[PDB]
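Line by line, the protein sequences give chains A and B. To convert, note that position 312 of the first sequence is 329 in full-length UniProt numbering; the numbers rise steadily by one, no gaps. To convert, note that position 505 of the second sequence is 522 in full-length UniProt numbering; the numbers rise steadily by one, no gaps. Worksheet for the structure shown next.
Number of protein chains: 2
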Amino acid sequence: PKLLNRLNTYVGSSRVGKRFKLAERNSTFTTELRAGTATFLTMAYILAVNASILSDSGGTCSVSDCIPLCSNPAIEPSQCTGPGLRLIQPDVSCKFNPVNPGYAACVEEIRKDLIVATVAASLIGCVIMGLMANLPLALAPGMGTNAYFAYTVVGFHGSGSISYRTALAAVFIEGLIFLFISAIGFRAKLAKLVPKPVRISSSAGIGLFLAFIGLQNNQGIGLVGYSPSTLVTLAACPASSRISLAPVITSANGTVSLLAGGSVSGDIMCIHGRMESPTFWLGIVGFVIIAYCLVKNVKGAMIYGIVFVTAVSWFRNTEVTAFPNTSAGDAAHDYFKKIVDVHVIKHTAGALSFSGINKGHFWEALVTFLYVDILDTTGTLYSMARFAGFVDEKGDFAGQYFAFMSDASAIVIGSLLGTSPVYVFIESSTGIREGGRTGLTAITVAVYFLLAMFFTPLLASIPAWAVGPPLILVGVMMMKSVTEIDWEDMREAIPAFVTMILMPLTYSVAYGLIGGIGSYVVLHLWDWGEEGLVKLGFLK
Amino acid sequence: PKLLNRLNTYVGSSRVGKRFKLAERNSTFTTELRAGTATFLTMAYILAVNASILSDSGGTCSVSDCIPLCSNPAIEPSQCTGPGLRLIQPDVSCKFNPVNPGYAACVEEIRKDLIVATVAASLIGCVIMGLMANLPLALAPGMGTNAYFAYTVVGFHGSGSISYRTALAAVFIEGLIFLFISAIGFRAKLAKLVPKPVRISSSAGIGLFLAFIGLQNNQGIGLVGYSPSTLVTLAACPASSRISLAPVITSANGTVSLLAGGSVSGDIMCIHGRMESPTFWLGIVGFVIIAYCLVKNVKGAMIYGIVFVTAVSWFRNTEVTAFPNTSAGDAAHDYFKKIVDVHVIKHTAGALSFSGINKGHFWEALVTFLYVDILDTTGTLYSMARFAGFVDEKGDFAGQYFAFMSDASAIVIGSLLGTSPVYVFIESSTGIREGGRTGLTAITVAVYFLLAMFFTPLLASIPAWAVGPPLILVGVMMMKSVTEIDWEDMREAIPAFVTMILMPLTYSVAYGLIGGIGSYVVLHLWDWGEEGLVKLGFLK
Ligand SMILES: *[C@@H]1O[C@H](CO)[C@@H](O[C@@H]2O[C@H](CO)[C@@H](O)[C@H](O)[C@H]2NC(C)=O)[C@H](O)[C@H]1NC(C)=O
Ligand SMILES: *[C@@H]1O[C@H](CO)[C@@H](O[C@@H]2O[C@H](CO)[C@@H](O)[C@H](O)[C@H]2NC(C)=O)[C@H](O)[C@H]1NC(C)=O
């Protein structure tokens with residue numbers, strides 16, 4: 018007949034085809050390849066978004082990486098010898114605005130390491146899922162968990178309460194816990210520990226958090242900036258018209274300023290020219306492109322928007338350039354010039370540290386990882402199984418046990434490589450829509466991720482306004498869970514609203530979950546006491 | 018029979034009963050009184066929330082009422098005569114932190130005016146609806162437009178782009194516009210001008226906006242404070258541990274500070290003691306009290322939470338006191354000590370000013386008032402008519418012509434008295450449930466508002482953490498509109514999400530609507546262009 022059908026029959030009748038059970042699942046070899054291609058197309062925006070978001074965390078960079086700076090900017094530090102001229106030893110302020118050039122270079126190196134680590138963790142998770150579990154599920158570091166890890170647990174440039182190494186240790190312990198509770202088979206049981214309204218509204222809260230991240234300056238398009246009174250107003254004026262903030266002291270006459278050692282912000286307050294920053298408008302154009310491609314059911318909408326914005330930003334001498342005429346910009350362009358590069362992780366791999374176990378914030382972060390990973394994993398696996406028709410009358414899909422162990426092992430490996438916990442994604446459904454039924458789809462996605470290596474220079478040149486609109490639209494897609502919340506019932510509307518609004522407003526998934534669980538418990542205390550008295554018999 | 022039944026039969030056969038059509042609507046006199054009481058109880062939280070929010074707008078006064086301050090705080094301004102000692106002329110910074118004692122005298126005096134103006138607008142609006150339209154609809158300044166008028170159009174202490182007097186002129190003209198388009202009868206027709214996702218998600222966006230205000234410091238319980246990096250984190254540390262911010266200049270060596278004339282913020286940045294401010298915990302207790310009463314279907318849930326928090330804050334020497342041991346706090350207690358007082362509006366009444374018509378921000382606010390009021394009034398009235406069974410097969414409720422013209426007339430009067438536009442509340446549905454059918458219910462609510470006067474001292478003593486949880490819980494109830502947004506459709510999910518999220522993030526209803534309408538128009542340009550070519554005939 019045709020060469021394509023000959024290939025399909027040869028693969029299906031071979032040992033590898035029988036091992037993957039292609040015949041018993043009615044999926045051919047090329048069907049699995051097409052499903053993997055579609056899954057990678059709908060998933061590959063991670064290679065930009067997750068790597069950049071983890072890059073904001075600062076990685077393993079510390080104050081030791083900041084170089085001493087001369088008294089005046091006009092003299093290079095080696096020539097900083099003269100009257101009234103001295104070199105300033107770095108402090109904790111070296112990490113934040115104005116960022117020490119040494120710390121910035123360390124952050125770029127960490128960005129390359131984290132691109133490679135994210136790709137490697139996704140590859141290893143996909144391979145484990147395809148081989149050990151034999152399911153068309155593609156694994157990659159999660160969106161909300163990654164954002165929580167970077168901006169809340171470790172914070173921007175390590176401003177959080179837990180260091181990056183200790184957060185990696187938390188992720189590793191979380192993976193070990195999942196391995197333990199999935200070897201027994203209790204993950205389905207712990208999928209009911211959390212309250213229902215919290216369970217549904219956590220996704221919408223995480224989506225709002227991601228959209229708010231995408232509406233900021235350091236990794237979004239702008240449009241949300243500091244306000245002295247209202248605390249948040251319309252940003253997206255040009256970067257030349259943005260100024261920093263430092264804490265001050267007020268008195269009954271005038272504002273005698275400068276609390277010494279105060280943490281100066283970035284460039285968040287807009288002085289004039291609102292709605293005029295070209296980077297924000299380029300982000301809006303990419304947003305429109307992604308939105309149209311999502312409306313038209315075009316696979317890779319996120320990819321097309323990111324690529325368009327990044328390619329416009331790759332030009333050297335524009336206002337939207339990703340390589341400004343600076344030493345750091347010149348280095349970024351020099352690294353981007355070599356299109357293909359094989360990068361070896363040097364700082365992030367094996368960067369675990371169990372020193373901060375005793376701290377309360379460590380356990381808060383670990384419990385948050387447990388809760389969020391449980392919700393995402395149990396929801397997505399059963400949604401996928403319903404998509405693929407693997408759900409029987411009992412409600413299981415045969416390989417669920419190995420699927421959960423694969424996810425836990427992939428989380429452990431990602432922690433060892435130095436990334437946020439890795440999930441099966443909802444976009445895996447795309448492959449299932451394309452006919453993907455066996456683990457060969459995961460193998461194909463892993464091969465695509467492998468080819469996504471040797472392209473670190475193209476992935477490290479993706480600007481913030483390119484990361485940008487993908488976050489907003491990911492939040493839009495996550496928002497759809499609000500439909501099955503009974504907003505008429507206050508016992509369910511109040512905890513759900515509280516969770517959903519605290520995640521973006523406290524800027525913390527942990528704080529949103531804690532607030533929602535506390536509100537649920539408080540609002541149901543009366544009912545639980547009534548039921549306890551009824552069981553005891555004081556009431557009828 | 019009974020004296021109660023004798024009263025019902027006497028009025029029903031009287032001229033007043035026949036004019037109100039009690040017999041033809043099967044509602045008795047006491048039924049309207051119970052309905053009016055239930056409507057007032059369900060909506061009485063405006064007497065706390067409304068006046069407080071408009072008070073933050075700064076009212077009518079300006080830097081002219083800030084008093085000159087001595088060089089040092091330790092010397093009273095009259096005794097400010099000595100070597101190196103001088104009186105500081107007030108500037109625009111007198112209005113903001115640290116607030117000039119002269120300007121702080123306004124807000125207390127303006128708050129008393131805005132308590133009466135809120136009641137008088139509510140009283141007159143209820144009477145006109147009760148008499149001219151004969152419907153059980155209670156009119157009061159809207160919750161969402163209140164916050165937009167105070168915090169966005171005029172801004173906190175007049176920091177916005179439009180002065181309070183000009184914003185009143187916007188409301189007056191905006192009131193005239195409906196009076197014109199309701200006399201013709203087109204207000205039903207303009208209910209379709211807005212896109213469907215924008216109309217539905219505007220309520221949820223406003224609810225997020227209102228809950229966002231309830232989580233701030235100047236009008237809420239706290240728990241949301243400034244962050245140097247993330248721009249929002251967990252506030253609600255004690256007020257002694259909050260510090261201000263002033264814009265600064267960064268260089269390549271160090272942050273040489275103080276952009277001269279920069280707008281110093283309030284007390285938004287928390288240094289330590291997070292989750293330890295007693296005022297926030299008092300608000301949470303009030304939040305729990307309202308939530309349980311809302312759950313238990315207890316009428317007046319908002320008031321009980323407001324009253325309990327306000328009553329605890331009335332004690333003089335606690336950490337949650339509403340009258341701190343200051344000169345302003347002593348004056349607040351002195352005015353509170355006289356329980357009953359008849360207040361005459363002296364600054365706010367008739368404070369219109371058409372000087373700023375030519376400015377663009379004036380028309381942005383006026384059109385935003387026009388849009389917001391169209392969605393609120395048309396949606397509420399038909400929901401009320403469905404509740405009261407006044408909707409015929411044609412979909413009208415007979416007295417709709419005067420119902421819209423009554424609402425327009427009340428808005429004009431409210432602007433003259435100096436409040437935000439007044440609407441029929443959704444809480445008007447409450448009295449309809451107990452049997453409110455004629456305009457006598459509105460008269461009864463009007464009488465209660467009359468009794469709400471002579472209690473300005475008790476209403477001007479309501480602290481920010483008492484306003485607080487009602488705003489959060491009003492945001493919860495407004496959030497129920499999300500259920501009829503097709504979140505599967507990106508042509509509706511994206512504009513709805515954008516509309517919903519910009520209102521609390523840009524912290525502006527106008528920006529949320531402009532973004533949502535712009536996103537709706539852009540995302541439908543391809544479809545409209547396709548159908549335009551189909552009508553022309555280039556396509557099939
Ligand atoms: C860092 O370099 C700046 C110059 O940009 C220095 O700024 C000083 O502070 C203000 C702002 O310019 C001026 O009034 C001073 O004259 C500046 N000093 C000098 C010598 O020009 C600042 O001195 C430098 N900071 C440190 C710690 O050396
Ligand atoms: C305003 O009040 C302060 C006291 O709170 C006055 O004293 C100044 O305080 C700052 C530090 O808080 C010192 O750096 C200044 O040297 C102090 N000034 C003097 C003369 O001692 C301050 O003088 C007052 N400022 C104005 C403009 O009146």
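Note that the Cβ used here is the ideal one computed from N, Cα and C, for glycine as well.
Cβ-based neighbour list, residue i, same chain, cut-off 6 angstroms, excluding 5 preceding and 5 following
| i | result |
| --- | --- |
| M517/A | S218, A221 and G222 |
| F466/A | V136, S139 and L140 |
| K129/A | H360, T473 and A477 |
Among the options, the one whose alpha carbon lies nearest that of residue i
| i | options | result |
| --- | --- | --- |
| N151/A | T397/A, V359/A, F514/A and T458/A | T458/A |
| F37/A | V124/A, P107/A, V144/A and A122/A | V144/A |
| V324/A | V249/A, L475/A and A252/A | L475/A |
| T523/B | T77/B, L227/B, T135/B and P212/B | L227/B |
| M146/A | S536/A, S432/A and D424/A | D424/A |
| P118/A | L311/A, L86/A and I132/A | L86/A |
| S31/B | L21/B, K19/B, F46/B and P18/B | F46/B |
| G416/B | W380/B, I430/B and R454/B | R454/B |
| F197/B | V66/B, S426/B, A187/B and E501/B | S426/B |
| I307/A | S69/A, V326/A, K206/A and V215/A | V326/A |
| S536/B | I301/A, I374/A and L104/A | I301/A |
| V312/B | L490/B, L540/B and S330/B | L490/B |
| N314/A | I534/B, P295/B and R508/B | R508/B |
| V305/B | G231/A, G533/A and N25/A | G533/A |
| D108/B | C83/B, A134/B, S446/B and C123/B | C83/B |
Own chain, CB closer than 8 angstroms to residue i, minus 5 neighbours either side, in chain order
| i | result |
| --- | --- |
| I320/A | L58, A61 and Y62 |
| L556/A | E547 and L550 |
| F332/A | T338 |
Distance CB(residue i)-CB(residue j) smaller than 7 angstroms
| i | j | result |
| --- | --- | --- |
| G435/A | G237/A | no |
| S88/B | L102/B | yes |
| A167/B | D73/B | yes |
| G290/A | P255/A | yes |
| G53/A | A40/A | no |
| residue 14/A | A368/A | This structure cannot settle anything about residue 14/A, because the visible part of chain A is limited to 18 through 557. |
| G192/B | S370/B | no |
| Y440/A | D393/A | yes |
| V462/B | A155/B | yes |
| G448/A | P214/A | no |
Contacting residues, own chain, Cβ-Cβ under 7 angstroms from residue i (five flanking each side not counted)
| i | result |
| --- | --- |
| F297/B | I238, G239, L240, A253 and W482 |
| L225/A | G492, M517, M520 and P521 |
| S258/B | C287, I288, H289 and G290 |
| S261/B | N114, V281, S282, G283 and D284 |
| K19/B | none |
| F379/B | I179, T183, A187 and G373 |
| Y388/B | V211 and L530 |
Ignoring anything shorter than 3 residues, give me the beta strand (DSSP E) runs that lie fully in the region 144 to 198 of chain A, in order along the chain. Counting whole runs of 3 or more residues, the region 144 to 198 of chain A contains the beta strand (DSSP E) stretches 156 to 158.
Residues in the region 84 to 102 of chain A with C-beta within 8 angstroms of chain B's C-beta atoms, listed in sequence order? Per Cβ criterion, the list reads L86, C87, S88, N89 and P90.
Against chain B: residues of the region 433 to 458 of chain A by CB proximity under 8 angstroms: Residues of the region 433 to 458 of chain A whose Cβ lies closer than 8 angstroms to any Cβ of chain B: none.
Just by C-beta distance, which residues in the region 268 to 291 of chain A are closer than 9 angstroms to chain B? Under the 9 angstroms Cβ criterion, the region 268 to 291 of chain A contributes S268, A269, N270, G271, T272, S274, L275, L276, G279, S280, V281, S282, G283, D284, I285, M286 and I288.
4 or more residues per run - each alpha helix (DSSP H) lying fully within the region 30 to 118 of chain B: Along the length of the region 30 to 118 of chain B, whole alpha helix (DSSP H) runs at least 4 residues long occupy 32 to 37, 46 to 60 and 63 to 73, reported in chain order.
Members of the region 504 to 529 of chain B that neighbour chain A once the beta carbon cut-off is set at 9 angstroms: For the region 504 to 529 of chain B, the set of positions with a beta-carbon nearer than 9 angstroms to some beta-carbon of chain A reads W504, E505, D506, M507, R508, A510, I511, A513, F514, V515, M517, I518, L519, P521, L522, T523, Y524, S525 and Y528 in chain order.
At a Cβ cut of 9 angstroms, what residues of the region 466 to 500 of chain A count as close to chain B, listed as they run along the chain? Result list: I489, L490, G492, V493, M494, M496, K497, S498, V499 and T500.
May I ask you to list, following chain order, the residues of the region 303 to 337 of chain A that have a beta carbon less than 7 angstroms from some beta carbon of chain B? Correct list: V305, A308, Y309, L311 and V312.
Using a beta-carbon distance cut-off of less than 7 angstroms, what residues from the region 350 to 363 of chain A approach chain B? Hits within the stretch: zero.
Counting only Cβ-Cβ distances shorter than 9 angstroms, please list the residues of the region 237 to 256 of chain A near chain B, keeping chain order. Residues passing the 9 angstroms Cβ filter: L240, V241, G242, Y243, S244, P245, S246, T247, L248, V249, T250, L251 and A252.
Interfacial residues, the region 530 to 545 of chain A to chain B, with Cβ spacing under 7 angstroms: Taking 7 angstroms as the cut-off between beta carbons, the residues of the region 530 to 545 of chain A near chain B are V539, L540 and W543, in sequence order.
Taking beta-carbon pairs under 8 angstroms, can you tell me which members of the region 59 to 70 of chain A lie near chain B? For the region 59 to 70 of chain A, which is checked against every Cβ of chain B, not one residue is closer than 8 angstroms.
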